[PDB]
Engineer: 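Pasting a structure below so you can have a look.
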Amino acid sequence: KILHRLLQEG
Amino acid sequence: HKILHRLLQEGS
Amino acid sequence: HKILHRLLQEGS
Amino acid sequence: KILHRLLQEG
Amino acid sequence: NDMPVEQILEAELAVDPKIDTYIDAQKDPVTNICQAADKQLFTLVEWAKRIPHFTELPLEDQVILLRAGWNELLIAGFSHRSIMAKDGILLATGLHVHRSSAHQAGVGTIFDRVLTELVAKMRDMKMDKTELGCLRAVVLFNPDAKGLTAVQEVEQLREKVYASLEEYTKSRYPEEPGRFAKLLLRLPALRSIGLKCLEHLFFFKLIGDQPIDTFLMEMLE
Amino acid sequence: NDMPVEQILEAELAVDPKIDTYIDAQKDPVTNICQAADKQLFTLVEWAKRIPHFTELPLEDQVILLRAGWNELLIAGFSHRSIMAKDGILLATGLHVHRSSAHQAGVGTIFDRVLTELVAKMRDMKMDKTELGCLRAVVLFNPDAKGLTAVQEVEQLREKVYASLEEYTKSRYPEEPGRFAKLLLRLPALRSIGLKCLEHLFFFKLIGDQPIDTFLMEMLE
Amino acid sequence: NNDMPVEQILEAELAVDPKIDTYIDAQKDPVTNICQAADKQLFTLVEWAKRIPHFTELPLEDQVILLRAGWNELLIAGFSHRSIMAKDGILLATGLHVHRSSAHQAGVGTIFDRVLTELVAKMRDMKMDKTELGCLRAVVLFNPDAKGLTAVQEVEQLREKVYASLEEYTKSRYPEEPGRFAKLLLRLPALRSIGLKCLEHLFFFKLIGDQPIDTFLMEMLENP
Amino acid sequence: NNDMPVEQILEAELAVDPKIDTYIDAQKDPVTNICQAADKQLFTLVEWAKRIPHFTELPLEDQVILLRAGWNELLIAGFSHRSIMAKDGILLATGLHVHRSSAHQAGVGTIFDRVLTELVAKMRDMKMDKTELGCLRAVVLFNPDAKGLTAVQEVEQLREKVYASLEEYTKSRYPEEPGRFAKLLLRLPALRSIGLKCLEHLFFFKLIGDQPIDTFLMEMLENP
Ligand SMILES: CC1=C(/C=C/C(C)=C\C=C\C(C)=C\C(=O)O)C(C)(C)CCC1
Ligand SMILES: CC1=C(/C=C/C(C)=C\C=C\C(C)=C\C(=O)O)C(C)(C)CCC1
Ligand SMILES: CC1=C(/C=C/C(C)=C\C=C\C(C)=C\C(=O)O)C(C)(C)CCC1
Ligand SMILES: CC1=C(/C=C/C(C)=C\C=C\C(C)=C\C(=O)O)C(C)(C)CCC1
């Protein structure tokens with residue numbers, strides 16, 4: 001989604 | 001069903 | 001608001 | 001879930 | 001032949017509402033849509049009376065078909081009309097109901113289904129009045145409807161309708177081999193949205209059975 | 001002190017419904033729940049009149065508080081009562097409304113929220129009548145409510161209530177340092193479910209504004 | 001013609017055909033019988049889907065969406081068709097036969113009769129074969145109206161391909177009957193209606209909390 | 001006491017504090033201003049969450065559920081608190097100041113005043129600090145009532161830990177005020193009320209189709 005994106009590259 | 005019956009008789 | 005006012009006067 | 005499970009080992 | 005698409009086109013044309021502009025409502029959309037429906041029910045009968053052979057079915061069957069079909073018949077009708085709106089539906093009373101009113105009034109979710117699964121697809125393929133009239137006729141000729149006497153008669157009438165539709169379609173749109181399928185494949189969505197509307201309507205009818213008691217009314221003002 | 005938990009307990013006890021068995025209804029659950037509400041509104045006032053200091057607020061504020069608080073006050077009440085049911089709520093009219101009726105009647109989703117976020121948690125921690133009365137008092141003393149005159153007065157009353165609650169809690173449940181928090185942290189859910197109910201109620205009130213026209217009624221029977 | 005060969009859809013139906021030649025009539029509580037058969041068939045249903053051309057190239061979140069939106073009509077279509085071999089009853093994948101009298105006694109008679117008269121009898125009278133059944137199911141599977149699809153176009157398009165292959169198969173295998181393709185597609189609205197009404201019965205048996213229901217079925221009734 | 005050190009929550013608030021010392025009052029259309037600031041803050045909001053102890057040990061499908069359920073109250077709490085520094089206005093992370101007169105002219109005055117009187121003024125009057133703000137936000141984040149959580153217990157439990165640390169910090173940093181902990185938690189119901197009403201305004205601006213809205217914000221309004 002974008003949220004998933006953001007939460008994985010962490 | 002009064003309304004539908006009545007309407008089905010009239011046209012023709 | 002008639003019902004709430006009236007009820008708020010009565011008890012005491 | 002179970003459905004995911006089932007759909008991946010394919 | 002015997003089930004001519006031209007007379008089916010006639011039947012649709014004869015029931016377009018005579019229609020000005022279309023003002024909004026945002027005020028009681030649900031009410032407005034139910035009034036439009038009641039209003040269109042009268043004209044639904046006249047439409048049916050004009051579909052070939054319909055009135056030569058037994059009287060009893062003519063009423064079963066219309067009691068079984070109306071909601072899907074009315075949904076198909078306003079959906080096809082509403083193609084020229086963006087995100088709204090156009091009622092026969094000349095009112096336009098916006099998607100934003102529909103969510104505000106609590107029916108957002110079934111409304112969206114009408115826009116996405118009916119209106120938008122009717123629009124993307126430019127379904128014409130002839131295809132719509134045929135689809136409605138197929139729905140009107142529902143040989144599954146309970147209690148029918150002339151079962152086999154309705155079956156033959158529906159078979160007629162779709163043969164003429166396929167015919168009309170192959171010839172008016174020969175660039176589109178899938179068109180006929182694509183049209184029939186909208187009927188499941190119609191069926192489905194039809195059922196969800198009736199739930200809505202049964203719920204409003206029981207609500208309206210019984211006013212709110214007077215103190216509760218007072219807290220709501 | 002000055003805001004004693006004992007009198008708060010008294011106020012709750014004085015308004016338990018005098019209660020037999022609890023028969024189902026499955027028939028018009030929404031109606032039944034709205035009648036129970038109307039009924040409890042009368043007793044809600046008496047409850048309030050018995051919360052210390054409430055009646056020494058200006059009359060005007062007493063009405064603002066109760067117009068602002070009732071729905072959350074009534075939801076908290078039936079939720080706490082309903083702890084002994086499994087998946088249902090117990091109305092003050094002695095009716096039990098099953099989760100399965102609530103979905104059938106179209107309010108399944110807010111109903112489930114009541115069970116999960118209120119009833120089940122009230123049950124898991126065994127919230128007692130004293131904690132419930134305090135929580136309701138805190139809600140009754142809402143210093144954010146619009147148009148209040150004695151703002152600061154309500155603020156002081158709510159501050160009292162929660163100090164006595166914390167006190168009651170630390171002493172009746174000293175095995176549970178988190179208990180007081182856990183109780184206050186149910187108020188957001190209450191707030192939220194309260195708002196969703198009022199939407200429901202406004203929608204039924206407009207439905208009921210206007211019957212269904214007569215042909216439409218006839219298609220629904 | 002295209003990229004959606006009916007042999008492969010037929011290969012799909014046949015790989016999941018529970019091969020059953022003797023049934024036991026089951027007068028006990030049919031609802032539990034039907035639930036267990038449905039749980040059981042959910043597992044085959046996924047195997048079935050994975051064997052449908054291009055299904056498994058779809059965004060995974062889309063495979064899940066389709067199966068979760070289509071399971072109830074898909075399984076209804078399955079046992080309605082196996083059931084053409086019974087008379088007034090349905091035939092479960094678990095080897096049980098449930099008679100209509102027994103559905104009536106258990107208070108689900110009406111929806112039961114709707115399956116007999118709208119699906120089974122029609123499928124039997126037009127001698128719907130396994131190829132057409134698979135296509136119909138594949139059409140139902142590739143449902144581009146399902147909420148939350150990310151690849152809507154790919155789904156639409158795979159739909160179109162199934163119904164192009166169906167139609168061509170039909171024209172070739174049954175040229176006596178030029179209406180056959182339409183007759184097939186026109187069973188889908190009943191399929192949709194009856195699928196909604198069964199899901200309503202199920203969801204309600206689940207909410208009453210009494211009626212058993214196993215675990216894949218349960219995951220489905222939580223997924224809708 | 002436990003496993004949820006407030007230093008680390010405070011470290012979290014400070015890492016996302018947009019450091020801003022001069023604002024421009026924005027009388028133009030405030031709604032677009034607020035939307036863009038919200039889009040902008042959604043990105044920091046995720047950075048913020050990832051820095052909350054144990055957040056990133058949660059089932060991933062749970063991180064998503066929490067952020068998607070908590071974003072609107074989380075961001076409201078953020079700018080309400082930065083805004084204690086204004087008077088009758090709010091201060092956006094984008095450097096704009098929106099005055100209440102201007103919210104009124106744009107027809108969102110009522111919810112605007114609710115933020116001033118129920119959140120900003122209270123936060124200012126009790127001198128809520130950044131530590132308490134972070135805890136409140138962490139409490140809101142670890143919302144065990146969110147639909148679809150798989151690790152409910154882990155969430156509950158992390159909630160409990162935040163509010164245990166909060167309470168102990170409060171007792172120690174503000175022993176003058178024994179009610180402070182309660183005063184903090186009692187701002188959450190208003191936070192919840194005002195969050196619902198803003199989401200209603202947003203969803204409605206989205207459905208009207210006119211009002212701009214960027215892309216992370218849009219993904220949120222499609223996620224609810
Ligand atoms: C879709 C819909 C509803 C029902 C509409 C039906 C069943 C008939 C409307 C026909 C019209 C509006 C006729 C016309 O103007 O041609 C209800 C009321 C449940 C509310 C939400 C949206
Ligand atoms: C929760 C709920 C609803 C509203 C209930 C409210 C706001 C008051 C009920 C109080 C009772 C039932 C009093 C008592 O018996 O103590 C409505 C009607 C929207 C329908 C769905 C479930
Ligand atoms: C039809 C029917 C029901 C639902 C069945 C469904 C949703 C699928 C059945 C799966 C089978 C029977 C699989 C197979 O046998 O291949 C319920 C429970 C409402 C009881 C009434 C009759
Ligand atoms: C409050 C408010 C609205 C919603 C704001 C929301 C949901 C979050 C704002 C984020 C900001 C402003 C982030 C930051 O500045 O840190 C709407 C759009 C209803 C307009 C009325 C006032």
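A note on names: the letters A, B, ... follow the listed sequences, proteins ahead of strands, and every chain is numbered from 1. Order of appearance sets the numbers: ligands from 1, and atoms from 1 within every ligand. The analysis underlying the following values was restricted to heavy atoms, covering all of them including side chains, and did not include hydrogens, waters or symmetry mates.
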Engineer: Is the shortest N/O to N/O distance between G:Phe205 and ligand 3 below 3.5 Å?
Structural biologist: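 No, there is no polar N/O contact under 3.5 Å.
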
Engineer: Against heavy atoms of G:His201, which atoms of ligand 3 measure under 4.0 Å?
Structural biologist: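 Those of ligand 3 that fall under 4.0 Å from G:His201 are 19 (C).
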
Engineer: Do me a favour and list the nearest non-hydrogen protein atom to atom 2 (C) of ligand 3 with residue, atom name and distance?
Structural biologist: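 Ranking protein heavy atoms by distance from atom 2 (C) of ligand 3, first comes G:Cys198 SG, 4.0 Å.
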
Engineer: Within the 4.0 Å heavy-atom shell around E:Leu74, which atoms of ligand 1 are there?
Structural biologist: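 Counting from 1, the qualifying ligand atoms are 10 (C).
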
Engineer: Do H:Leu221 and H:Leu199 make a side-chain contact, defined as non-hydrogen atoms from C-beta onward lying under 4.5 Å apart?
Structural biologist: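 The answer is yes; the side chains approach within 4.5 Å.
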
Engineer: By number and element, which atoms of ligand 4 are closer than 4.0 Å to a non-hydrogen atom of H:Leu92?
Structural biologist: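 In order of number, 15 (O).
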
Engineer: Which distance, rounded to the nearest 0.5 Å, do you find between the CG of H:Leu202 and the CD1 of H:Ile34?
Structural biologist: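 So the CG of H:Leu202 and the CD1 of H:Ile34 are separated by 9.0 Å.
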
Engineer: Look at atom 6 (C) of ligand 3 and say which protein heavy atom is nearest, naming residue and atom and giving the distance to 0.1 Å.
Structural biologist: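 Residue, atom and distance for the closest contact: G:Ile76 CG1, 4.3 Å.
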
Engineer: Would you say atom 17 (C) of ligand 4 touches the protein, meaning some protein heavy atom is under 4.0 Å from it?
Structural biologist: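 Looking at atom 17 (C) of ligand 4, one finds that no protein heavy atom lies closer than 4.0 Å.
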
Engineer: Can you find a heavy atom in the side chain of H:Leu133 that is under 4.5 Å from one in the side chain of H:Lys130?
Structural biologist: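 H:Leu133 reaches H:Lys130 side chain to side chain.
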
Engineer: Out of H:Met220, H:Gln41, H:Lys40, who is nearest to atom 13 (C) of ligand 4 when you count heavy atoms only?
Structural biologist: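 Of the listed residues, H:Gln41 has the closest heavy atom.
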
Engineer: Select the closest option to atom 10 (C) of ligand 3 among G:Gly195, G:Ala37, G:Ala38, G:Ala77, judged by heavy-atom distance.
Structural biologist: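 Considering heavy atoms of G:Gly195, G:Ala37, G:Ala38, G:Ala77, the nearest to atom 10 (C) of ligand 3 sits in G:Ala38.
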
Engineer: Rounded at 0.5 Å granularity, tell me how far CD in G:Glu118 sits from CG in G:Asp113.
Structural biologist: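 One gets 10.0 Å once the value is rounded to the nearest 0.5 Å.
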
Engineer: Side-chain contact test, heavy atoms from C-beta onward, threshold under 4.5 Å: evaluate it for G:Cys198 versus G:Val108 and give yes or no.
Structural biologist: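 In short, these two side chains do not touch, never coming nearer than 4.5 Å.
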
Engineer: Hydrogens and angles aside, do G:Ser102 and G:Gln105 bring a side-chain donor and acceptor to less than 3.5 Å of each other?
Structural biologist: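 There is no such pair (donor and acceptor under 3.5 Å, judged by atom type) between the side chains of G:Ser102 and G:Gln105.
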
Engineer: Any heavy-atom pair between the side chains of H:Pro18 and H:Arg82 that's under 4.5 Å?
Structural biologist: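 They are in side-chain contact.
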
Engineer: Just heavy atoms, cut-off under 4.0 Å: does E:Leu201 contact ligand 1 by side chain, backbone, both, or neither?
Structural biologist: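 The part of E:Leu201 near ligand 1 is the side chain, not the backbone.
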
Engineer: Quick one: which ligand 4 atoms are inside 4.0 Å of a heavy atom on H:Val108?
Structural biologist: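 Checking each atom against H:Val108, I get 21 (C).
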
Engineer: Please state whether E:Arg81 comes within less than 4.0 angstrom of ligand 1, counting heavy atoms only.
Structural biologist: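 Distance cut 4.0 Å: E:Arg81 passes for ligand 1.
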
Engineer: Of H:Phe204, H:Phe205, H:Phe203, which meets ring pair (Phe, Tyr, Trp, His ring centres under 6.0 Å) against E:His103?
Structural biologist: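 Option passing the ring pair (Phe, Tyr, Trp, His ring centres under 6.0 Å) with E:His103: H:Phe203.
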
Engineer: When you measure from atom 11 (C) of ligand 1 to every protein heavy atom, which one gives the shortest distance, and what is it?
Structural biologist: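 Going by distance alone, atom 11 (C) of ligand 1 is nearest to E:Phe78 CD2, 3.6 Å.
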
Engineer: Please determine whether the number of non-hydrogen atoms from other residues, nucleotides or ligands lying under 6.0 Å from atom NZ of E:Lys196 exceeds 12.
Structural biologist: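 Open: at most 12 neighbouring heavy atoms sit under 6.0 Å from NZ of E:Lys196.
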
Engineer: Check each atom of ligand 4 against the heavy atoms of H:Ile34 and keep those under 4.0 Å away; list them by number with element.
Structural biologist: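 Selected atoms, number and element: 5 (C), 9 (C), 12 (C).
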
